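Asker: File final24.cif below, mmCIF, C-alpha atoms and all ligand atoms:
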```
data_upload
#
loop_
_atom_site.label_atom_id
_atom_site.label_comp_id
_atom_site.auth_asym_id
_atom_site.auth_seq_id
_atom_site.Cartn_x
_atom_site.Cartn_y
_atom_site.Cartn_z
CA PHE A 1 101.35 109.81 107.71
CA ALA A 2 98.44 109.43 110.10
CA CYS A 3 94.99 110.87 110.66
CA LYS A 4 92.64 111.96 113.43
CA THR A 5 88.91 112.68 113.69
CA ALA A 6 86.60 115.21 115.25
CA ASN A 7 85.28 112.42 117.48
CA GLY A 8 88.63 111.95 119.12
CA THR A 9 89.78 108.78 117.38
CA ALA A 10 92.76 108.09 115.18
CA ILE A 11 94.15 105.91 112.45
CA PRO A 12 97.94 105.44 112.78
CA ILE A 13 100.71 104.91 110.27
CA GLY A 14 99.81 102.05 107.99
CA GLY A 15 96.08 102.74 107.83
CA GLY A 16 93.06 101.12 109.33
CA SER A 17 89.46 102.14 110.02
CA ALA A 18 87.59 104.74 112.02
CA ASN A 19 84.04 106.00 112.51
CA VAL A 20 82.95 109.57 111.86
CA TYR A 21 79.68 111.10 113.12
CA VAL A 22 78.26 114.00 111.17
CA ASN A 23 75.62 116.51 112.00
CA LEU A 24 73.38 116.93 108.96
CA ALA A 25 70.92 119.62 107.95
CA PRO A 26 67.60 118.44 109.40
CA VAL A 27 65.62 119.41 106.29
CA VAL A 28 66.66 119.14 102.65
CA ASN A 29 64.27 119.66 99.78
CA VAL A 30 64.08 118.12 96.42
CA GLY A 31 66.23 120.16 94.08
CA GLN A 32 68.59 121.10 96.92
CA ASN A 33 71.84 119.66 98.23
CA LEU A 34 72.58 118.15 101.59
CA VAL A 35 76.22 118.95 102.29
CA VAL A 36 78.31 116.44 104.19
CA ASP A 37 81.62 118.21 104.76
CA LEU A 38 84.33 115.82 105.91
CA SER A 39 86.96 118.56 106.07
CA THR A 40 85.63 119.39 109.56
CA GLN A 41 85.83 115.70 110.51
CA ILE A 42 89.06 114.14 109.20
CA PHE A 43 92.52 115.61 109.55
CA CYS A 44 95.88 114.19 108.50
CA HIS A 45 99.56 115.03 108.51
CA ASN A 46 102.92 113.99 107.10
CA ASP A 47 105.32 112.52 109.69
CA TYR A 48 108.59 113.39 107.92
CA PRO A 49 108.01 116.32 105.56
CA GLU A 50 111.70 117.23 105.56
CA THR A 51 112.26 114.49 102.99
CA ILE A 52 108.99 112.75 102.19
CA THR A 53 105.99 113.97 100.21
CA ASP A 54 102.71 112.17 100.91
CA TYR A 55 100.02 111.73 98.25
CA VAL A 56 96.41 111.21 99.22
CA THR A 57 93.41 110.23 97.09
CA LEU A 58 89.80 109.34 97.61
CA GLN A 59 90.03 105.81 96.27
CA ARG A 60 86.34 104.89 96.53
CA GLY A 61 83.27 106.39 98.09
CA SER A 62 80.25 104.18 98.67
CA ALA A 63 76.72 105.04 99.77
CA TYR A 64 74.63 103.24 102.37
CA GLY A 65 71.21 103.25 103.93
CA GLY A 66 69.09 106.29 103.27
CA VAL A 67 71.76 107.95 101.17
CA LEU A 68 71.93 104.90 98.91
CA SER A 69 68.15 104.65 98.60
CA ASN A 70 67.01 108.29 98.64
CA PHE A 71 69.78 110.50 97.23
CA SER A 72 72.11 111.03 94.33
CA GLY A 73 74.92 113.55 93.82
CA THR A 74 78.61 114.32 93.82
CA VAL A 75 81.75 114.32 95.88
CA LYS A 76 83.98 117.39 95.83
CA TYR A 77 87.65 116.52 96.35
CA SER A 78 90.08 119.40 96.54
CA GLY A 79 88.00 121.69 94.36
CA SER A 80 86.81 119.28 91.63
CA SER A 81 83.62 117.25 91.71
CA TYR A 82 82.89 113.69 90.68
CA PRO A 83 79.91 111.34 90.81
CA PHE A 84 79.07 109.84 94.19
CA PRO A 85 79.01 106.85 94.70
CA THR A 86 82.36 107.04 93.00
CA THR A 87 83.34 105.54 89.68
CA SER A 88 87.13 106.21 89.70
CA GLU A 89 89.96 107.17 92.03
CA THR A 90 90.50 110.92 92.39
CA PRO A 91 93.68 112.85 91.73
CA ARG A 92 96.14 113.22 94.60
CA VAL A 93 96.37 115.91 97.23
CA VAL A 94 99.86 116.56 98.63
CA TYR A 95 100.51 116.45 102.38
CA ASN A 96 103.84 118.18 103.11
CA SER A 97 103.61 119.35 106.72
CA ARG A 98 103.41 117.89 110.23
CA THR A 99 100.63 120.36 110.92
CA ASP A 100 97.14 118.82 110.82
CA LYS A 101 95.46 119.47 107.48
CA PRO A 102 91.81 118.73 106.73
CA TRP A 103 91.02 116.03 104.21
CA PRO A 104 89.23 118.15 101.54
CA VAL A 105 86.21 115.94 100.86
CA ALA A 106 82.56 116.92 100.87
CA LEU A 107 79.46 115.13 99.64
CA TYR A 108 76.68 117.02 97.85
CA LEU A 109 73.58 114.84 98.05
CA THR A 110 70.23 115.67 96.49
CA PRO A 111 67.01 113.79 97.22
CA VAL A 112 65.50 111.66 94.48
CA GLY A 116 59.88 112.19 101.37
CA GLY A 117 59.67 111.98 105.20
CA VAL A 118 62.72 110.71 107.13
CA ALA A 119 65.18 110.02 104.35
CA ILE A 120 68.25 109.40 106.55
CA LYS A 121 67.84 107.89 110.00
CA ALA A 122 69.82 109.10 113.01
CA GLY A 123 72.72 106.81 113.81
CA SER A 124 72.73 105.12 110.42
CA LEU A 125 75.70 104.44 108.19
CA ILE A 126 75.55 106.81 105.20
CA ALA A 127 78.90 106.33 103.45
CA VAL A 128 82.27 104.61 103.48
CA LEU A 129 85.16 106.70 102.14
CA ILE A 130 88.55 105.15 101.46
CA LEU A 131 91.55 107.47 101.70
CA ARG A 132 94.58 106.01 99.90
CA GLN A 133 97.99 107.24 100.95
CA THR A 134 101.26 106.77 99.06
CA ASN A 135 104.48 108.82 98.96
CA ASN A 136 107.61 109.65 96.93
CA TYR A 137 109.90 107.76 99.26
CA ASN A 138 109.03 104.04 99.45
CA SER A 139 106.31 101.69 98.25
CA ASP A 140 103.80 102.28 101.06
CA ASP A 141 100.21 102.13 99.84
CA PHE A 142 97.79 102.34 102.75
CA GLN A 143 94.03 102.61 103.14
CA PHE A 144 92.41 104.78 105.78
CA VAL A 145 88.78 103.67 105.82
CA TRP A 146 86.22 106.16 107.13
CA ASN A 147 82.76 104.89 108.08
CA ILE A 148 80.44 107.88 108.04
CA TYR A 149 77.35 107.88 110.29
CA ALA A 150 74.53 110.37 110.53
CA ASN A 151 74.08 111.94 113.96
CA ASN A 152 70.49 112.95 113.28
CA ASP A 153 67.50 112.32 111.06
CA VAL A 154 67.23 114.18 107.74
CA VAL A 155 63.73 114.95 106.47
CA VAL A 156 62.75 115.65 102.86
CA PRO A 157 59.48 117.63 102.85
CA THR A 158 56.62 116.78 100.60
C1 LIG B 1 115.10 109.34 113.59
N1 LIG B 1 116.02 109.82 112.62
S1 LIG B 1 115.55 110.69 111.30
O1 LIG B 1 115.49 112.11 111.57
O2 LIG B 1 116.53 110.43 110.24
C2 LIG B 1 114.03 110.05 110.71
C3 LIG B 1 112.94 109.82 111.52
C4 LIG B 1 111.75 109.29 111.02
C5 LIG B 1 111.66 109.01 109.67
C6 LIG B 1 110.41 108.48 109.11
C7 LIG B 1 110.49 107.74 107.94
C8 LIG B 1 109.32 107.22 107.34
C9 LIG B 1 108.10 107.44 107.92
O3 LIG B 1 107.05 106.82 107.16
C10 LIG B 1 105.76 107.19 107.32
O4 LIG B 1 105.48 108.59 107.32
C11 LIG B 1 105.68 108.98 105.93
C12 LIG B 1 105.61 110.47 105.94
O5 LIG B 1 104.33 110.92 106.34
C13 LIG B 1 104.68 108.22 105.08
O6 LIG B 1 104.88 108.55 103.71
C14 LIG B 1 104.83 106.73 105.25
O7 LIG B 1 103.80 106.03 104.55
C15 LIG B 1 104.75 106.35 106.71
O8 LIG B 1 103.44 106.58 107.26
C16 LIG B 1 107.98 108.19 109.10
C17 LIG B 1 109.16 108.71 109.68
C18 LIG B 1 112.76 109.24 108.85
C19 LIG B 1 113.94 109.75 109.35
#
```
Translate the structure of the given file into structure tokens.
Ligand SMILES: CNS(=O)(=O)c1ccc(-c2ccc(O[C@H]3O[C@H](CO)[C@@H](O)[C@H](O)[C@@H]3O)cc2)cc1
Answerer:
Amino acid sequence: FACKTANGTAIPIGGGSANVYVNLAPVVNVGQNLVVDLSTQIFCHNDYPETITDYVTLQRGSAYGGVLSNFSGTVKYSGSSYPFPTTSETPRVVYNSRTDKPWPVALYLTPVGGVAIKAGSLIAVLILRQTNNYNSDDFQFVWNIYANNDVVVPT
């Protein structure tokens, strides 16, 4: 089991850390959601699906910077939503193919004015936890999520 990003970096077998850079809607109003879709950013696969089933959770999602100070909301993981920043580990998603499969995570963030997220800033850290039905591997793939652009909340 290993993963790759839309910015051309990787995390190999056994886990590790990578940076992800997301383009964000430049304007989000109060009462609206800013969507941060990681399924277009993070892709993973199973290295031996003939015999091994991989299980993948969002272990913890943490907020930083302007997201931490100016937003609340949810994380949607494989079709169900939970508070973000997270308060539990999600259910598992199965990875059962060598073919790249998106990691089905998206943040829905709503403003609690002006530049609310600064370009280049860290907005979130998402920990992907991978186990399997084969051995006792239990690995963390740590994704540091950065904004590529400013996000403005109008008055
Ligand atoms: C080379 N001979 S073989 O066909 O029998 C063979 C080759 C590779 C493997 C192999 C076993 C464990 C592996 O472990 C990783 O990949 C798993 C499947 O994605 C993960 O569950 C593990 O955590 C680990 O990343 C990867 C490849 C097994 C058999």
Asker: Considering only C-alpha atoms and all ligand atoms, state which residue in the set A:121, A:76, A:60, A:98 is at the smallest distance from ligand LIG 1 (chain B).
Answerer: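 Once distances to ligand LIG 1 (chain B) are computed over only C-alpha atoms and all ligand atoms, the minimum belongs to A:98.
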Asker: Using only C-alpha atoms and all ligand atoms, which residues of the polymer chains come no farther than 6 Å from ligand LIG 1 (chain B)? I'd like the answer as number ranges by chain.
Answerer: A: 1, 13-14, 46-48, 52, 54, 135, 140
Asker: For each of A:119, A:24, A:105, A:44, take the minimum atom-to-atom distance to residue 68 (chain A), counting only C-alpha atoms, then give the residue where this is smallest.
Answerer: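 Of the candidates, the smallest distance to residue 68 (chain A) is held by A:119.
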Asker: How many Å separate CA of residue 19 (chain A) from CA of residue 109 (chain A)?
Answerer: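 These two atoms are separated by 19.9 Å.
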Asker: Determine the nearest neighbour of residue 17 (chain A) from the options A:69, A:86, A:41, A:147, counting all atoms listed in the file.
Answerer: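 When distances to residue 17 (chain A) are compared using all atoms listed in the file, the smallest one comes from A:147.
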Asker: Counting all atoms listed in the file, which of A:154, A:67, A:37, A:20 gets nearest to residue 117 (chain A)?
Answerer: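 Residue with the minimum atom-to-atom distance to residue 117 (chain A): A:154.
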Asker: Starting from the point (77.4, 111.4, 114.5), work out which residues of protein, DNA or RNA have an atom no more than 12 Å away when counting all atoms listed in the file; state them as a list in words.
Answerer: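 Residues lying no farther than 12 Å from the given point: residues 5, 6, 7, 19, 20, 21, 22, 23, 24, 36, 38, 41, 121, 122, 123, 124, 125, 126, 147, 148, 149, 150, 151, 152 and 153 of chain A.
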Asker: If the box runs along x, y and z of the file and leaves 4 Å on each side of region 144-148 of chain A, what are its centre and edge lengths in Å, one decimal, as JSON?
Answerer:
```
{"center_x": 86.4, "center_y": 105.8, "center_z": 106.9, "size_x": 20.0, "size_y": 12.2, "size_z": 10.3}
```
Asker: What is the distance between CA of residue 107 (chain A) and CA of residue 88 (chain A), in Å to one decimal?
Answerer: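 So the answer is 15.4 Å.
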Asker: List the neighbours of residue 92 (chain A) out to 9 Å using all atoms listed in the file; skip same-chain residues closer than 5 positions along the sequence, and give me the result as number ranges by chain.
Answerer: A: 55-58, 78, 133
Asker: Let's have the selection written as a CSV table (one decimal), in the coordinates of the input, with C-alpha atoms.
Answerer:
```csv
chain,number,residue,atom,x,y,z
A,55,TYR,CA,100.0,111.7,98.2
A,56,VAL,CA,96.4,111.2,99.2
A,57,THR,CA,93.4,110.2,97.1
A,58,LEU,CA,89.8,109.3,97.6
A,78,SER,CA,90.1,119.4,96.5
A,133,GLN,CA,98.0,107.2,101.0
```
Asker: Mind listing as a VMD selection string all residues within 9 Å of (66.8, 119.9, 96.5), counting all atoms listed in the file?
Answerer: chain A and resid 28 to 34 109 to 112 156
Asker: Which is closer to residue 145 (chain A) than all the others in A:61, A:70, A:26, A:39, using all atoms listed in the file?
Answerer: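 Ranked by minimum distance to residue 145 (chain A), first place goes to A:61.
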Asker: Using only C-alpha atoms, which residue out of A:99, A:59, A:9, A:134 lies closest to residue 85 (chain A)?
Answerer: A:59
Asker: Report the distance between CA of residue 95 (chain A) and CA of residue 40 (chain A) in Å, rounded to one decimal place.
Answerer: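 A separation of 16.8 Å between them.
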Asker: Since fewer atoms than expected are present, regenerate N, CA, C and O atoms for region 25-39 of chain A and write them as a short mmCIF file (atom, residue, chain, number, x, y, z; two decimals), in the frame of the given file.
Answerer:
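Produced file rebuild_20.cif, reproduced below:
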```cif
data_model
loop_
_atom_site.label_atom_id
_atom_site.label_comp_id
_atom_site.auth_asym_id
_atom_site.auth_seq_id
_atom_site.Cartn_x
_atom_site.Cartn_y
_atom_site.Cartn_z
N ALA A 25 72.07 118.73 108.01
CA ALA A 25 70.92 119.62 107.95
C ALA A 25 69.65 118.82 108.22
O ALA A 25 69.45 117.77 107.63
N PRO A 26 68.73 119.32 109.07
CA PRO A 26 67.60 118.44 109.40
C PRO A 26 66.55 118.37 108.31
O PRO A 26 65.73 117.46 108.33
N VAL A 27 66.57 119.34 107.40
CA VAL A 27 65.62 119.41 106.29
C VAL A 27 66.36 119.68 105.01
O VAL A 27 67.18 120.61 104.96
N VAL A 28 66.12 118.87 103.98
CA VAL A 28 66.66 119.14 102.65
C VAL A 28 65.56 118.87 101.66
O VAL A 28 64.92 117.83 101.69
N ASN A 29 65.32 119.83 100.77
CA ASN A 29 64.27 119.66 99.78
C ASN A 29 64.75 119.04 98.51
O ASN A 29 65.91 119.11 98.12
N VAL A 30 63.80 118.48 97.79
CA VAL A 30 64.08 118.12 96.42
C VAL A 30 64.62 119.34 95.67
O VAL A 30 64.18 120.48 95.90
N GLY A 31 65.60 119.09 94.82
CA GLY A 31 66.23 120.16 94.08
C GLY A 31 67.28 120.93 94.83
O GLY A 31 67.80 121.91 94.29
N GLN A 32 67.56 120.51 96.07
CA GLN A 32 68.59 121.10 96.92
C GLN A 32 69.65 120.08 97.25
O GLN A 32 69.45 118.88 97.08
N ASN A 33 70.77 120.55 97.77
CA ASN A 33 71.84 119.66 98.23
C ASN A 33 71.96 119.64 99.74
O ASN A 33 71.98 120.66 100.40
N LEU A 34 72.10 118.43 100.26
CA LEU A 34 72.58 118.15 101.59
C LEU A 34 74.07 118.08 101.52
O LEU A 34 74.63 117.25 100.79
N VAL A 35 74.75 118.93 102.28
CA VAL A 35 76.22 118.95 102.29
C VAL A 35 76.75 118.14 103.46
O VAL A 35 76.37 118.37 104.62
N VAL A 36 77.65 117.22 103.17
CA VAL A 36 78.31 116.44 104.19
C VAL A 36 79.79 116.77 104.09
O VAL A 36 80.50 116.22 103.25
N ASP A 37 80.27 117.71 104.90
CA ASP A 37 81.62 118.21 104.76
C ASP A 37 82.55 117.41 105.66
O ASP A 37 82.47 117.53 106.88
N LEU A 38 83.42 116.60 105.10
CA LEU A 38 84.33 115.82 105.91
C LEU A 38 85.58 116.59 106.29
O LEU A 38 86.37 116.11 107.11
N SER A 39 85.78 117.77 105.74
CA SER A 39 86.96 118.56 106.07
C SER A 39 86.91 119.10 107.50
O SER A 39 87.93 119.53 108.01
#
```
